[PDB]
Each structure stands twice: as structure tokens, then as C-alpha cells.
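Q: Have a look at this one.
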Amino acid sequence: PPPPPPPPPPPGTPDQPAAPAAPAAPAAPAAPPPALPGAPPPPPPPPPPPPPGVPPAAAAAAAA
Amino acid sequence: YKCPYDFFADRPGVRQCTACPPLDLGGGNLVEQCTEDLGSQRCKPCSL
């Protein structure tokens, strides 16, 4: 008699592991900048003026 | 008057705009800061 035949091949190996996704895109959003602090006080007012002088008591006599 | 292009002012009643200061992002690195619009109160790094 003749000899028997070869075997069939095996299949085709396994695909490699699907990759994970990407980042969650961006941390926290815009952080509010520092404050524009400070607003000074107003200078005090000026002083007042003085009163006027007193008159001259113009009277001596009639001398008769 | 509006502050000039590279100058800024924050306090309301002020007598002179102050030039934008170079932002320091670490040790010994100074990036020039320049405002975008004419009358402005904040300085951006003027490379971006």
C-alpha cells in the first residue's frame, strides 16, 4: 500500500489586546485670577477762616 | 486716558500707568508680559 497524508495546518494565532482609551481631557477649567485689592480713604477737609476784626470805639468828648 | 498698550492700571483713581512686569515661571526665567487691548488692567505673557 501507499503511505498516509500530512495533517492540516493550525489556525491563525490571536489578535493582540485592544488598547485603552485616551485621557478625560483637561483638568479643572480656568482658575479665577487673584483679586484687585485695596481702595484707599479720602483726605480730611481744610479748616475754616477767621472772623473779622472789631470796630474802633470812636468817642472822646464834646469839650463844652 | 486709557492706559497705553503695554501698560496697565488696577486701582481706580490713579495718576500713572505701570509697565507690565516680566512673569517669572520658575528659577531665573523671565518672560516679557504685554497686554492685548489698549485700556487694560492685566498683563498676559506676550508670547501667546
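In the C-alpha cells, the first chain shown is A, the next is B, and so on; residue numbers restart at 1 for each chain, and ligands run from 1 in the order shown.
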Show me, as a list in words, every residue of chain B with an atom at most 12 Å from chain A, counting only C-alpha atoms.
A: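 So the contacting residues turn out to be residues 9, 10, 11, 12, 13, 14, 41, 42, 43 and 44 of chain B.
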Q: Save out the residues we just selected, N, CA and C atoms, as a PDB file, in the first residue's frame.
A:
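part.pdb written:
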ATOM      1  N   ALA B   9      -3.250  99.388  34.708  1.00  0.00           N
ATOM      2  CA  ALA B   9      -3.564 100.013  35.984  1.00  0.00           C
ATOM      3  C   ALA B   9      -4.776  99.312  36.575  1.00  0.00           C
ATOM      4  N   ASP B  10      -4.770  99.132  37.894  1.00  0.00           N
ATOM      5  CA  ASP B  10      -5.838  98.425  38.590  1.00  0.00           C
ATOM      6  C   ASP B  10      -6.630  99.316  39.534  1.00  0.00           C
ATOM      7  N   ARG B  11      -5.957 100.053  40.412  1.00  0.00           N
ATOM      8  CA  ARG B  11      -6.663 100.940  41.322  1.00  0.00           C
ATOM      9  C   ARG B  11      -7.380 102.026  40.524  1.00  0.00           C
ATOM     10  N   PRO B  12      -8.631 102.357  40.871  1.00  0.00           N
ATOM     11  CA  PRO B  12      -9.433 103.231  40.001  1.00  0.00           C
ATOM     12  C   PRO B  12      -8.859 104.627  39.837  1.00  0.00           C
ATOM     13  N   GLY B  13      -8.675 105.347  40.938  1.00  0.00           N
ATOM     14  CA  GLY B  13      -8.137 106.686  40.835  1.00  0.00           C
ATOM     15  C   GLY B  13      -6.628 106.666  40.917  1.00  0.00           C
ATOM     16  N   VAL B  14      -5.970 106.682  39.761  1.00  0.00           N
ATOM     17  CA  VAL B  14      -4.526 106.534  39.686  1.00  0.00           C
ATOM     18  C   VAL B  14      -3.969 107.620  38.780  1.00  0.00           C
ATOM     19  N   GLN B  41      -6.192  96.197  32.357  1.00  0.00           N
ATOM     20  CA  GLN B  41      -5.791  96.160  33.757  1.00  0.00           C
ATOM     21  C   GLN B  41      -5.061  94.878  34.136  1.00  0.00           C
ATOM     22  N   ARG B  42      -4.654  94.067  33.164  1.00  0.00           N
ATOM     23  CA  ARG B  42      -3.935  92.832  33.438  1.00  0.00           C
ATOM     24  C   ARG B  42      -2.916  92.587  32.338  1.00  0.00           C
ATOM     25  N   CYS B  43      -1.844  91.883  32.689  1.00  0.00           N
ATOM     26  CA  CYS B  43      -0.759  91.586  31.765  1.00  0.00           C
ATOM     27  C   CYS B  43      -0.736  90.097  31.456  1.00  0.00           C
ATOM     28  N   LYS B  44      -0.747  89.769  30.179  1.00  0.00           N
ATOM     29  CA  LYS B  44      -0.542  88.430  29.657  1.00  0.00           C
ATOM     30  C   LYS B  44       0.923  88.220  29.318  1.00  0.00           C
TER      31      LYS B  44
END
Q: Can you list, as an mmCIF file with N, CA, C and O atoms, in the first residue's frame, every residue of stretch 5-36 of chain B that DSSP puts in strand (DSSP E or B)?
A:
data_model
loop_
_atom_site.group_PDB
_atom_site.id
_atom_site.type_symbol
_atom_site.label_atom_id
_atom_site.label_comp_id
_atom_site.auth_asym_id
_atom_site.auth_seq_id
_atom_site.Cartn_x
_atom_site.Cartn_y
_atom_site.Cartn_z
ATOM 1 N N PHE B 7 1.007 98.954 29.031
ATOM 2 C CA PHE B 7 0.847 99.410 30.401
ATOM 3 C C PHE B 7 -0.525 99.017 30.932
ATOM 4 O O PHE B 7 -1.467 98.783 30.172
ATOM 5 N N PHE B 8 -0.627 98.948 32.257
ATOM 6 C CA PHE B 8 -1.871 98.573 32.910
ATOM 7 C C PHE B 8 -2.017 99.347 34.211
ATOM 8 O O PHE B 8 -1.051 99.893 34.749
ATOM 9 N N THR B 18 1.408 101.688 35.108
ATOM 10 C CA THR B 18 2.641 100.994 35.443
ATOM 11 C C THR B 18 2.961 99.968 34.366
ATOM 12 O O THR B 18 2.070 99.262 33.885
ATOM 13 N N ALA B 19 4.235 99.895 33.993
ATOM 14 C CA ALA B 19 4.660 98.978 32.946
ATOM 15 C C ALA B 19 4.457 97.535 33.383
ATOM 16 O O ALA B 19 4.609 97.197 34.560
ATOM 17 N N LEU B 23 6.769 88.133 33.878
ATOM 18 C CA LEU B 23 6.337 86.982 34.657
ATOM 19 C C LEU B 23 7.490 86.003 34.838
ATOM 20 O O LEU B 23 8.234 85.716 33.899
ATOM 21 N N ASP B 24 7.633 85.488 36.058
ATOM 22 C CA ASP B 24 8.703 84.557 36.401
ATOM 23 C C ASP B 24 8.087 83.185 36.642
ATOM 24 O O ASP B 24 7.425 82.963 37.662
ATOM 25 N N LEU B 30 12.530 84.748 32.990
ATOM 26 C CA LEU B 30 11.668 85.920 32.921
ATOM 27 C C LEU B 30 11.084 86.019 31.520
ATOM 28 O O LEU B 30 11.826 86.150 30.542
ATOM 29 N N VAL B 31 9.759 85.962 31.428
ATOM 30 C CA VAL B 31 9.043 86.086 30.164
ATOM 31 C C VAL B 31 8.381 87.453 30.131
ATOM 32 O O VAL B 31 7.650 87.817 31.060
ATOM 33 N N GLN B 33 5.890 90.409 29.545
ATOM 34 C CA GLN B 33 4.439 90.437 29.643
ATOM 35 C C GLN B 33 3.918 91.692 28.960
ATOM 36 O O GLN B 33 4.458 92.783 29.164
ATOM 37 N N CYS B 34 2.878 91.532 28.143
ATOM 38 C CA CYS B 34 2.338 92.628 27.351
ATOM 39 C C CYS B 34 0.832 92.444 27.223
ATOM 40 O O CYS B 34 0.361 91.330 26.981
#
Q: What is the atom CA of residue B:40 to atom CA of residue B:4 distance in Å?
A: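 Computed distance, atom CA of residue B:40 to atom CA of residue B:4, equals 8.3 Å.
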Q: In Å, with one decimal, what is the gap from atom CA of residue B:25 to atom CA of residue B:47?
A: 13.3 Å
Q: State, in Å with one decimal place, the distance from atom CA of residue A:41 to atom CA of residue B:17.
A: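 If I compute the distance from atom CA of residue A:41 to atom CA of residue B:17, I get 20.3 Å.
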